[PDB]
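Asker: Protein chains in written order, with the authors' numbering: chain D, 309 to 337, 369 to 437, 467 to 499, 533 to 670, 680 to 776; chain B, 10 to 55, 64 to 85, 93 to 183, 192 to 414, 451 to 512, 529 to 913, 921 to 944; chain A, 266 to 413, 453 to 509, 528 to 529.
Ideal Cβ placement from N, Cα and C applies to all residues, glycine included.
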Amino acid sequence: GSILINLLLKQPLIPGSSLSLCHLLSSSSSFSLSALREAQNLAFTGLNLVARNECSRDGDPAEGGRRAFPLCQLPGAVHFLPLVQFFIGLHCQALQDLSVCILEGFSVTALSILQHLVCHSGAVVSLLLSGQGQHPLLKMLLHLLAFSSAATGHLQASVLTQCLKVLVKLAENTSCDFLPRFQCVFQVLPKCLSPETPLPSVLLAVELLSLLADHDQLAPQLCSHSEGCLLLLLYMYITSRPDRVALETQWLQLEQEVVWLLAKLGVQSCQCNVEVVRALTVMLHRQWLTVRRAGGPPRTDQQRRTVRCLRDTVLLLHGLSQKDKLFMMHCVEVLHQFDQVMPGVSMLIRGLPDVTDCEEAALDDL
Amino acid sequence: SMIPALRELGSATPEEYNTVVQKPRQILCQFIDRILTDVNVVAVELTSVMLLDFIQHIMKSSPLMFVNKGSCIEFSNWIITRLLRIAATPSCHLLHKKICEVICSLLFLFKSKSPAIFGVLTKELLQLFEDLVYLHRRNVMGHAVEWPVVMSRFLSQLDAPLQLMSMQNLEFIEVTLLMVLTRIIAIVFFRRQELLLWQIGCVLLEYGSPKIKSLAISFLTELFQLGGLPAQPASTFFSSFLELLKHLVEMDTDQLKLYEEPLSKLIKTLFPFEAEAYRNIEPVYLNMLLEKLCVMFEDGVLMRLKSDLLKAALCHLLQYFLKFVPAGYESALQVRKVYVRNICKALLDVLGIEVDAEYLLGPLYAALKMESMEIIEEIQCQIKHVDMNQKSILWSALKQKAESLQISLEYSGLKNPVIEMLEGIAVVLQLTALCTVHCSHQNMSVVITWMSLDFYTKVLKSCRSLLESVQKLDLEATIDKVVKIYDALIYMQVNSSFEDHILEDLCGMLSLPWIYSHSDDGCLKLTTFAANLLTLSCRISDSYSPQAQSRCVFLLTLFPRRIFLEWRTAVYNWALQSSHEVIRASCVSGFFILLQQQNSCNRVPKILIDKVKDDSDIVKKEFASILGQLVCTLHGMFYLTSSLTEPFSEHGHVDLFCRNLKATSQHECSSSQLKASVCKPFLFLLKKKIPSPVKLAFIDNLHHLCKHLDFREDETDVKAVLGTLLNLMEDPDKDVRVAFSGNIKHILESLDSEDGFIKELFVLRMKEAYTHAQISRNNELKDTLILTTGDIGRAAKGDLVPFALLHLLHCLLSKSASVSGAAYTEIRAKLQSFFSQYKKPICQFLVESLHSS
Amino acid sequence: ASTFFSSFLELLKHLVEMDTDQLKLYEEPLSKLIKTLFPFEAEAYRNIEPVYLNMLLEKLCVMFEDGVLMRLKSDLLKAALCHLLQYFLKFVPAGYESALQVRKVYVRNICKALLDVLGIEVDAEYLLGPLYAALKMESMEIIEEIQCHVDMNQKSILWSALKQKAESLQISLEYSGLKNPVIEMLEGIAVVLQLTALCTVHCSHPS
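1) Is the shortest distance between the beta-carbon of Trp661 of chain D and the beta-carbons of chain B less than 8 Å?
2) Answer with buried or exposed for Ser902 of chain B, where buried requires no fewer than 16 other C-beta atoms within 10 angstroms of its C-beta.
3) Just checking my contact of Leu871 of chain B with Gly877 of chain B at CB under 8 Å: how many whole Å lie between their CB atoms?
4) Would you mind telling me which residues of chain D sit closer than 8 Å to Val316 of chain B, beta carbon to beta carbon, in chain order?
5) Hey, is residue 564 of chain A's beta-carbon within less than 8 Å of any beta-carbon in chain D?
6) At a CB-CB cut-off below 7 Å, which residues of chain B make contact with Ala771 of chain D?
7) When you compare only the Cα positions, how much space is there between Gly882 of chain B and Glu797 of chain B?
8) Tell me which residues share the same chain as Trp651 of chain B and place their Cβ nearer than 6 Å to its Cβ, disregarding the 5 neighbours each side in the sequence.
9) Determine, using beta-carbon pairs with one atom in the region 691-707 of chain D and one in the region 750-769 of chain D, whether at least three such pairs fall under 8 Å.
10) I'd like the span of the alpha helix (DSSP H) that includes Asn862 of chain B, first residue to last.
11) Nearest chain A C-beta to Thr384 of chain D closer than 8 Å, yes or no?
12) How would you write the range of the alpha helix (DSSP H) that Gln923 of chain B sits in, first residue to last?
13) Does the Cβ of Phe841 of chain B have 16 or more other Cβ atoms within 10 Å, making it buried, or fewer, making it exposed?
14) Using the beta-carbon of each residue, which ones in chain D are nearer than 7 Å to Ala263 of chain B?
15) Are any of the Cβ atoms in chain D nearer than 8 Å to that of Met405 of chain A?
16) Is the region 468-483 of chain D touching the region 320-332 of chain D, taking contact as three or more C-beta pairs under 8 Å?
17) Can the beta-carbon of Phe768 of chain B be found closer than 8 Å to that of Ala708 of chain B?
18) Can you look up residue 511 of chain A in the DSSP assignment and give me helix, strand or coil?
19) Decide yes or no for the touch test of the region 359-374 of chain A against the region 324-332 of chain A: beta carbon pairs closer than 8 Å, at least 3 of them.
20) For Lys803 of chain B, which residues of its own chain have a beta-carbon under 8 Å away from its beta-carbon, when the five flanking residues on both sides are left out?
21) Taking 8 Å as the threshold (beta carbon to beta carbon), is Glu306 of chain B in contact with chain D?
22) Using 10 angstroms around the beta-carbon of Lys483 of chain B, count the other beta-carbons present and answer buried if the total reaches 16, otherwise exposed.
23) Between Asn319 of chain B and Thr285 of chain B, what straight-line distance do the alpha-carbon atoms span, to the nearest angstrom?
24) Quick check: what's the CA-CA separation for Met535 of chain B versus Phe675 of chain B?
25) For the structure I just gave you, are there three or more beta carbon pairs, one from the region 584-599 of chain D and one from the region 544-557 of chain D, closer than 8 Å?
26) Do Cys790 of chain B and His751 of chain B have their CB atoms nearer than 8 Å?
27) Could you check what DSSP says for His891 of chain B in three-state terms: helix, strand or coil?
28) Should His279 of chain B go down as buried or exposed, given a rule of 16 or more other Cβ atoms within 10 Å for buried?
29) So what does DSSP say about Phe221 of chain B, is it helix, strand or coil?
30) Looking at the C-beta of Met328 of chain A, does it have a partner C-beta in chain D at a distance below 8 Å?
31) Spatial neighbours of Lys772 of chain B within its chain, please: CB distance less than 7 Å, with the 5 preceding and 5 following residues excluded, ordered by chain position.
32) Quick one: does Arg391 of chain D have its CB under 8 Å from some CB of chain A?
33) Based on the DSSP secondary-structure assignment, which residues constitute the bridge partners of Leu793 of chain B?
34) Can you find a C-beta in chain D that's less than 8 Å from the C-beta of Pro731 of chain B?
35) With distances taken from CA atoms, which of D:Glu608, D:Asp775 and D:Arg688 is nearest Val567 of chain D?
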């Protein structure tokens, strides 16, 4: 709602660099300053415009329809962009050129801004997803994204994360039809998933892979091409940790996201069908090896997330077994782990009081 | 009905199964066609139940009746609609739950067999629910309702349509589908779907009866537990949440009966004590929330509200905002200082009027301690003695408030409500103690002043008299009070003992019950206070409460000095046979040290080892839990001290906060060299039949216990003891087995060296174990044993890792239950180079199996 | 101020709902107020915190897009609103109220609404001033831009739209002629021609 103002004026947009919106506007040091000042003026104009926001009160009847959880139309926001795209360009203009350490910071800040906007506005979303003639901001992101990932620059750790939070929030706040505009993502998600990437990035890329997998023509963009296939990368990753910080909690977030992805894809309706089960078993044995010893009732939040993941994986595997009856064959390599876990996890879930006919039926099937 | 053909789907192909079962579906609909065609068809008076029960049973048994093509789909949709029309009628309420189970478990079945169908069914259900909530809005929004409606989903052309004519209908159908959703959340949860669920939850919450609001609250709790909340949904949710909190005090009891549990669940799960849970939350929301918390508090809420529980949620939230949310996220610092200052002014203002003020303890202590740390720190800039009175306004306000209460009570018991006021003084003392102890970074060079010893003396005068003339009506609560007070006093004096007489005097009131009625001995003769307190003892002793009695006994056992020690020990023994198992637990948990003060720092009490040898297994549970440091008691003079023992990590319903200490050697805690001759008096607990909880508690104590006891000394008895121990692994209880597996690590960390005889008994007992296992074929035991061996190996150092590895490698040659696949990899904590280390023995592990060929 | 402007704008928005007699009441004093508070004389805006004027222009674009210009009855009030728009165009500068682009958005939308009304009303005089002002502002800015022959119709969407509308009305006559409203369509054509003349003469100043 109106909270967009509070969000934009959040003192540190990112922890560190102490750069707010103010620290973006008040900078007399692509546009050539023939538009820096004009854009700053648009910025504070839109600040006022939203600080009014007569709209999102007494229900805002126009709020409703598609765009799941209709984002409150904050038209004033539409005026911020030319600034934001000026800076995203000075990042791009500074890129595409075979220092930037400073300019890139303003770009990160502006990306956080755009993130909040896409989060809480609908007119900006209609604009961007509209005109293929993509609103210059979309291209300013995409031509960066490759540079956001391909180059492991010290700051390429963050600009990527923010551009991804933006792309994903924009796929969420919007509707299903426009996603073919997002189509351009698939040329860049692979680099976004390279084992040189950290947990938070692959996470956002998974979330977005899902948000696109809701689209009819988009699911095959998962593994239309059997080779490379924008998968078996996700699985080689989930199995062989390509990150070192690798805070187990983060890896749990990622297992959970990958699981929800697999489930949505399976229910909505590659060579990759084969590796998925191997990776799921590696993951599961990675979980059951943790909680068992602790035993008892999990009072830990991590434990509860793990249990949710395990139950969902069990149901998913039952669906798998429903398919590809060779699943025992492809499982041959790890049947050891599979039968060293399945019985104990069945015991556990039976111990759980939230059991489901699905959980019981599956665990019995195996 | 045609049971034979129903079962034998038979020749009915994957294409003709649909038609072969179309007739069964027709029969089932004929059933539903009449018994449930209309709502009031029968006086519900609640036989029809058998029909839904059959629906559920046949669902569980024969999936093909429903699924295996599109016909099957509209069939359910046709069925479901026949149910929704039932879920709207109040009189049908006693079925609506059976419908929450019929609709439920059916989406389940579809998930088990035909996921895609389940997904599409869920999508229709959600579009439905969305229409319903939008209708709710339009209704209370003040716009048109046109109660004659369709809610056209699950549309079945098979061949009544759906319609909700009164908010009875809408509310009922919504609550029912909402319970269904609370069940199927995970199966339905996805990325873009979560925002939809959030939207409909917020719709219900902003607009709906209080009941539906609580239902949706639990729903949203499960949601935040499954996937967290994004930004897009928050604002609405938080507006509703805060308006609700504000409306609380202006809410009814039954209404409270609704909002009570789920609201506390939501608040605890959305604002948990574990840190880094704030990063999920946009600050602006938290600042708004803290504002509304200050408002609710500043409005005299705590006295206005009823549910002591909900106040617990509020206090928990305040504790969160005090400690786990770092200043600089909620807002700048000064705003937080101001807020907490005001909320604490209030928290003070309340105490003298409540009977149970404990929930005020966590936050009050948290603020006192935060200020104490920041103060000793800023002044840590430059011993460094400090005073507290003039430092924090909250502190001295609390102080003079306790003073006002003590005094107004001092004027007359009648002019004062005794219980609330004794409680106020007692909580102020509890805080004085907790903070003077832990706040004092010297315990973590600065020292800090606190409440007054003359005041302590004043209250020690006041309490007995308040009891002495309480009219024998409210005495008991006053006994509980004085118990709590003395507990704080005693924790404090343990941290820093006081002048004797004050400590001497106290020992009377702690011994008060058992002085007069039956003592009549010489201990009271040489005792001073006894003659002074004879009359009050003959007035009170018979009134003391068993819980409070054991409390006082544990307290006296805590009473440390060369001060009336013979009498304390006397009463300790007396209560050792007290006929009250609570008192027996206190007796053990206090004698464990009261005796080391006595004399003979040699072995355990024969008296105890026998008394414990009797029943009341709880006594033996605590007996091992205390053995854990009774070992160190029979060691360097026990240097009593407390863990952090702060209130939140504990359940907060603390009886005798002093009941958190576990002592240590005064100094020079040399290798205990425990010959284990004492462990025999102890290990007898492990008869293989005692309640598994005690055995597990002892497995826990094993960690601390390992270092002290000696193992090389007296190989014979030590090895007998170790055998008694390894009697664990074949224990029938399971958690005990895995815990022993995990603590063999501590053991072999204590072991000096890997002698042969010890490896010999290892091999012997593990062969016995595997043999009892396969002779019994207890795969569970096999897993427990594999894990025990894996731990013993990952921890072992010498020739033993070879042995456990041989065992795991033999296990690798076995059936499904081969956990080795995990362990012999874990041992790496270089499979090829590691094989090279024992390639030669390794191959031997094969030869015997190769004797099979 | 803020209180006064909230009341004022809510009143304006409610106007079209006001009935004949209540209108009659509000008719004169409201126009008097708005003229005494928004006069063509320049520097009479500095008294007014810009955000107030921005809120006003917002509610004004709303009322106009709300079809008021042709619904409303009192010629006095339509004249007052025309005067207010003429003020927001000529007497006031850009930059004080807000940035420019959004200003162009507003004025363009209201000018579209005004183009929507021609064939309806019999006396469109009040409709004239604001249009001419916008067209002069454009013509100026345009020749200055070029000064970094020229045509109008293609330059401003509004000019070409107006000419197309005039043509539409002329044809509407040609085909049905007399049954087609013989009056106020001629007035739309005649105001189109009046503006053609005025901005051929004054907006003049090889390029």
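Answerer: By the coordinates alone:
1) yes
2) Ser902 of chain B should be labelled buried.
3) That pair is no contact at about 11 Å.
4) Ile311, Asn314, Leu315 and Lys318
5) Lying before the first or after the last residue shown, residue 564 of chain A is absent from chain A, which here runs from 266 to 529.
6) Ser136
7) 20 Å
8) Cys607 and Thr611
9) The region 691-707 of chain D, when compared against the region 750-769 of chain D, does touch it at the 8 Å Cβ threshold.
10) Premise fails: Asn862 of chain B is in no alpha helix (DSSP H) and is neither H nor E.
11) yes
12) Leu922 to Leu941
13) Per the 10 Å Cβ criterion, exposed.
14) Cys487 and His488
15) For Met405 of chain A, the answer is no, since every Cβ of chain D falls outside 8 Å of its Cβ.
16) Here the region 468-483 of chain D makes contact with the region 320-332 of chain D; the two share three or more CB pairs at distances below 8 Å.
17) no
18) Any structural detail on residue 511 of chain A is unavailable, because chain A resumes at 528 straight after 509.
19) yes
20) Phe841, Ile842 and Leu845
21) yes
22) exposed
23) Note on geometry: alpha-carbon atoms of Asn319 of chain B and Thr285 of chain B lie some 29 Å from one another.
24) 31 Å
25) yes
26) Going by C-beta atoms, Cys790 of chain B is not nearer than 8 Å to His751 of chain B.
27) For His891 of chain B, the three-state secondary structure derived from DSSP is helix.
28) It counts as exposed.
29) coil
30) no
31) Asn811 and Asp815
32) yes
33) B:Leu758
34) Residue contact check for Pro731 of chain B against chain D: no CB pair falls below 8 Å.
35) D:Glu608
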